[PDB]
Amino acid sequence: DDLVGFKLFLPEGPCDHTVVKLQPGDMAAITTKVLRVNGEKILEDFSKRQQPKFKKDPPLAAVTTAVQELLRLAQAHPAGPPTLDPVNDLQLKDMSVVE
């Protein structure tokens, strides 16, 4: 169940969020889905709220929408949606990768 595709994580608790500074190696796959979320507003909301005294402000609509869209993506695929194939979605032709 873990070696076929990418295991869609279902959070055991409430659907919270974090904003992490990820390296290239920490992301398992570049998914095909296109979620048009606005990075500027999410930065202007997260960086403002992440003051420990102002960490408890009511959520912004863009952040709530992004979290809900990610959770719905997790629910909407039984084992993970297809990734942007190096060859079949990025239009490459290396034989070794096909093998």
# chains A, B, ... in the order shown; residues from 1 in each chain; ligands from 1
call {"tool": "residues_around", "arguments": {"residues": "region 47-59 of chain A", "least_positions_apart": "5", "cutoff": "12 Å", "atoms": "only C-alpha atoms", "output": "list in words"}}
result
residues 16, 17, 18, 19, 20, 39, 40, 41, 42, 64, 65, 66 and 67 of chain A
call {"tool": "residues_around", "arguments": {"residues": "region 76-87 of chain A", "least_positions_apart": "4", "cutoff": "6 Å", "atoms": "only C-alpha atoms", "output": "PyMOL selection string"}}
result
chain A and resi 6-8+31-32+72+91-93
call {"tool": "atom_distance", "arguments": {"atom1": "CA of residue 13 (chain A)", "atom2": "CA of residue 30 (chain A)"}}
result
25.3 Å
call {"tool": "select_by_dssp", "arguments": {"residues": "chain A", "states": "alpha helix (DSSP H)", "output": "PyMOL selection string"}}
result
chain A and resi 39-49+61-75+95-98
call {"tool": "write_last_selection", "arguments": {"atoms": "N, CA, C and O atoms", "output": "short mmCIF file (atom, residue, chain, number, x, y, z; two decimals), in the first residue's frame"}}
result
data_model
loop_
_atom_site.label_atom_id
_atom_site.label_comp_id
_atom_site.auth_asym_id
_atom_site.auth_seq_id
_atom_site.Cartn_x
_atom_site.Cartn_y
_atom_site.Cartn_z
N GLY A 39 0.42 33.33 -3.04
CA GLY A 39 1.52 33.27 -2.08
C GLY A 39 1.71 34.57 -1.31
O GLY A 39 2.02 34.55 -0.12
N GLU A 40 1.54 35.71 -1.99
CA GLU A 40 1.75 37.00 -1.34
C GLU A 40 0.84 37.20 -0.13
O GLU A 40 1.31 37.58 0.95
N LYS A 41 -0.46 36.95 -0.29
CA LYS A 41 -1.39 37.11 0.83
C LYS A 41 -1.14 36.10 1.94
O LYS A 41 -1.25 36.42 3.12
N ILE A 42 -0.76 34.87 1.58
CA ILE A 42 -0.50 33.87 2.61
C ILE A 42 0.75 34.23 3.39
O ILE A 42 0.83 34.00 4.60
N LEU A 43 1.75 34.82 2.73
CA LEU A 43 2.92 35.30 3.47
C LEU A 43 2.56 36.50 4.35
O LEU A 43 2.92 36.53 5.54
N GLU A 44 1.81 37.46 3.81
CA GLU A 44 1.34 38.63 4.56
C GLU A 44 0.33 38.29 5.65
O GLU A 44 -0.07 39.19 6.39
N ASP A 45 -0.09 37.04 5.74
CA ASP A 45 -0.96 36.57 6.82
C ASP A 45 -0.21 35.70 7.82
O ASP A 45 -0.33 35.90 9.03
N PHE A 46 0.55 34.72 7.33
CA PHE A 46 1.34 33.84 8.19
C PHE A 46 2.40 34.62 8.95
O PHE A 46 2.51 34.51 10.17
N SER A 47 3.21 35.42 8.24
CA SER A 47 4.28 36.14 8.93
C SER A 47 3.73 37.12 9.95
O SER A 47 4.34 37.34 11.00
N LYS A 48 2.58 37.73 9.66
CA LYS A 48 1.93 38.60 10.64
C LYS A 48 1.43 37.81 11.84
O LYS A 48 1.71 38.16 12.99
N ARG A 49 0.70 36.72 11.59
CA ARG A 49 0.09 35.97 12.68
C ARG A 49 1.10 35.22 13.52
O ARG A 49 0.86 34.99 14.71
N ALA A 61 -9.17 33.97 4.65
CA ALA A 61 -9.96 33.14 3.76
C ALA A 61 -9.06 32.37 2.80
O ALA A 61 -9.37 31.23 2.44
N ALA A 62 -7.96 32.98 2.37
CA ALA A 62 -7.05 32.31 1.45
C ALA A 62 -6.39 31.11 2.11
O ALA A 62 -6.25 30.05 1.49
N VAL A 63 -6.03 31.23 3.39
CA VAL A 63 -5.37 30.13 4.09
C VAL A 63 -6.36 28.99 4.32
O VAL A 63 -6.04 27.82 4.10
N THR A 64 -7.56 29.33 4.80
CA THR A 64 -8.59 28.32 5.00
C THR A 64 -8.92 27.61 3.69
O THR A 64 -9.07 26.39 3.66
N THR A 65 -9.01 28.37 2.60
CA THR A 65 -9.31 27.79 1.30
C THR A 65 -8.19 26.85 0.84
O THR A 65 -8.47 25.76 0.33
N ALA A 66 -6.93 27.25 1.03
CA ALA A 66 -5.82 26.38 0.64
C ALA A 66 -5.81 25.10 1.46
O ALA A 66 -5.61 24.00 0.91
N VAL A 67 -6.04 25.20 2.77
CA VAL A 67 -6.03 24.01 3.62
C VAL A 67 -7.17 23.08 3.22
O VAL A 67 -6.99 21.86 3.12
N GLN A 68 -8.37 23.64 3.01
CA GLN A 68 -9.51 22.82 2.60
C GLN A 68 -9.27 22.16 1.25
O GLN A 68 -9.65 21.01 1.04
N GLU A 69 -8.64 22.88 0.31
CA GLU A 69 -8.37 22.30 -1.00
C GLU A 69 -7.36 21.16 -0.90
O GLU A 69 -7.52 20.13 -1.56
N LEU A 70 -6.34 21.32 -0.06
CA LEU A 70 -5.36 20.25 0.13
C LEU A 70 -6.01 19.02 0.77
O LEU A 70 -5.77 17.89 0.33
N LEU A 71 -6.84 19.23 1.80
CA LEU A 71 -7.51 18.09 2.42
C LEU A 71 -8.47 17.41 1.46
O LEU A 71 -8.56 16.17 1.43
N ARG A 72 -9.20 18.19 0.66
CA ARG A 72 -10.09 17.59 -0.33
C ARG A 72 -9.30 16.80 -1.36
O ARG A 72 -9.74 15.73 -1.81
N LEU A 73 -8.11 17.29 -1.74
CA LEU A 73 -7.25 16.52 -2.65
C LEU A 73 -6.84 15.20 -2.02
O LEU A 73 -6.79 14.16 -2.69
N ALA A 74 -6.53 15.23 -0.72
CA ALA A 74 -6.18 14.01 -0.01
C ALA A 74 -7.34 13.02 -0.03
O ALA A 74 -7.16 11.83 -0.29
N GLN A 75 -8.55 13.51 0.27
CA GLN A 75 -9.72 12.65 0.23
C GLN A 75 -10.09 12.20 -1.18
O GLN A 75 -10.57 11.07 -1.36
N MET A 95 15.18 7.31 -22.66
CA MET A 95 14.78 5.90 -22.63
C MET A 95 15.02 5.28 -21.25
O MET A 95 14.20 4.49 -20.76
N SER A 96 16.14 5.64 -20.61
CA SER A 96 16.49 5.05 -19.32
C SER A 96 15.40 5.28 -18.29
O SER A 96 15.11 4.41 -17.46
N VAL A 97 14.76 6.45 -18.34
CA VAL A 97 13.73 6.77 -17.36
C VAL A 97 12.49 5.93 -17.63
O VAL A 97 11.80 5.50 -16.70
N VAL A 98 12.20 5.66 -18.91
CA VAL A 98 11.08 4.79 -19.25
C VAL A 98 11.33 3.38 -18.75
O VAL A 98 10.43 2.73 -18.21
#
